[PDB]
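Shown below, as structure tokens, is a lone chain in the form deposited in one PDB entry; questions about how it binds or moves come after it.
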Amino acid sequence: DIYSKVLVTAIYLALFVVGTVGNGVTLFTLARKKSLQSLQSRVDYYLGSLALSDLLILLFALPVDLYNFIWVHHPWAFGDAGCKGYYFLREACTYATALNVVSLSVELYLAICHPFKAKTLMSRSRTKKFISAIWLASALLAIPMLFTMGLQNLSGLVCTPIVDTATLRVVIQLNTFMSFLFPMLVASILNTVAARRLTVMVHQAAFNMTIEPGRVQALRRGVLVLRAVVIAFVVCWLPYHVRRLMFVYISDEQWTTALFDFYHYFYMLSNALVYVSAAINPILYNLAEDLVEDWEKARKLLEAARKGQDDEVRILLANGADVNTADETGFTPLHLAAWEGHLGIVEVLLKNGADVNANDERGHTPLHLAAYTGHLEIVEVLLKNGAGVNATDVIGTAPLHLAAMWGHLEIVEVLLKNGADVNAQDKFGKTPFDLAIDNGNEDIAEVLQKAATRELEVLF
């Protein structure tokens, strides 16, 4: 069938031109990147390793494959070296890709399931040496293909196995388990266990009120990406490995003209999907970078708001940084801004739709911190943006309690004006008036007492 090959040629060229350029750009980008952050650099090395392996598959394996294996009528044009080299390089890359793919699964698992251990015990230098081992291990396990494959004349020349069927069955079965089955088994398990561990963390993190930490939200996106990579790897590589197992077992005697025509379709289809796996690789890079960038932007926003770098804050929000980013303890940037007393940074965030009634672990809102600080302008600002006046923490402490306790008469007058419940008291039973007396802020006590008595007059 002439048409079949013409259709395959078009698809191969399509995967070749964009896949080669696609992965080429990824390497060029990473090489010049000069990333300062550890997480960025750590991931980039793996993406580069995947970019390199998948580029080599498209640059060298595909052209040889297309000319001598798809268009079979051509005699072998690459000589004995080209035959042995083709299968060696092809085998080395399959391994490398599979090992890199599962290497992402252990790194995600470690990050999710051993956060304390991983954070401390992960360095850039550790990753470089680890990846070096993968390529070496792959190259070592690829060497056999230099000895198992060679040129035989059936007068034309064909790049065919030169060893006996028994020896051939072993090496490929070894390669199948080592470079696919084992990796994809581990990849699936580690992902599934990490996915379950993550789900607990999300439920543990978010309760009555704690929002959701940005770092968890990053890992929650992480599993979803690798979930796609494993499902993507299996559908693309299973047919290839299954075809190779068919070839070794379906050896001699039964090799009819008809059986080959069938196997040739399998060969076109199975290899096309391998080149698809190489061609979609740059999407994983884009998705990985998009995620890692969003995480860094969010970290920067929390750092900037605390530091009081108003210029930085604006820059980040302009480039779609998450306004409502909780830290480890559930602190939004508005908390940190209001805490440190950056009226400008507070105004900017609220303008970009910052959650005015966000809660931390202790249940503190931004207003609680502004009342503690005593910054009247921010308190006024927050209340204008619809901040809850009678919001209470775990202990039952409210803004009025904090203000009165620490002696901010202007804040106390402001809070009462916005419908603050003077009567409301904490778990210990103390009202603001009781706390004001306890601290001895007599000027404030008089201000509160009059309000309570006014409420009694209003009742009759």
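All residue numbers refer to positions in the sequence shown, first residue = 1.
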>> In a third or more of the other compared PDB entries with flanking residues modelled, does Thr165 go missing?
In response: no
>> Where both flanking residues are modelled in the other PDB entries compared, is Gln40 itself missing in a third or more?
In response: no
> Can you say how many deposited residues have no coordinates in the span between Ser155 and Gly156, choosing none, 1 to 3, 4 to 9, or 10 or more?
Replying inline: 4 to 9
> Out of 355-363 and 232-240, which stretch has the higher average CA B-factor listed in the record?
Replying inline: 355-363
> According to the deposited model, is the average Cα temperature factor higher in 175-183 or in 200-208?
Replying inline: 200-208
> Highest Cα B-factor in the PDB entry belongs to which of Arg126, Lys84, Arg227, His264?
Replying inline: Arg126
>> Among the choices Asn271, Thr120, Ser277, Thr97, identify the one whose CA B-factor in the record is greatest.
In response: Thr120
> Thinking about Cα B factors across the chain, which third does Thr329 belong to?
Replying inline: highest
> Among the modelled residues of its chain, does the C-alpha B-factor of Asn286 lie in the lowest, middle or highest third?
Replying inline: lowest
> Lowest, middle or highest third: where is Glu380 by Cα B-factor in its chain?
Replying inline: middle
>> Which third, lowest, middle or highest, does the C-alpha temperature factor of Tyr46 belong to within its own chain?
In response: middle
>> By the recorded C-alpha temperature factor, relative to the other modelled residues in its chain, which third is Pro115 in?
In response: highest
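What follows is about the form deposited in another entry, which we do not show.
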> Looking at how the rigid parts shift between this form and the one not shown, which one of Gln37, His375, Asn286, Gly396 is at the hinge?
Replying inline: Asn286
> Considering a change of 3 Å or more, are the Cα atoms of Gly330 and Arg197 closer or farther in the other form than here?
Replying inline: closer
> Against the shown form, C-alpha atoms of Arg197 and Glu289 in the other form: closer or farther, for a change of 3 Å or more?
Replying inline: closer
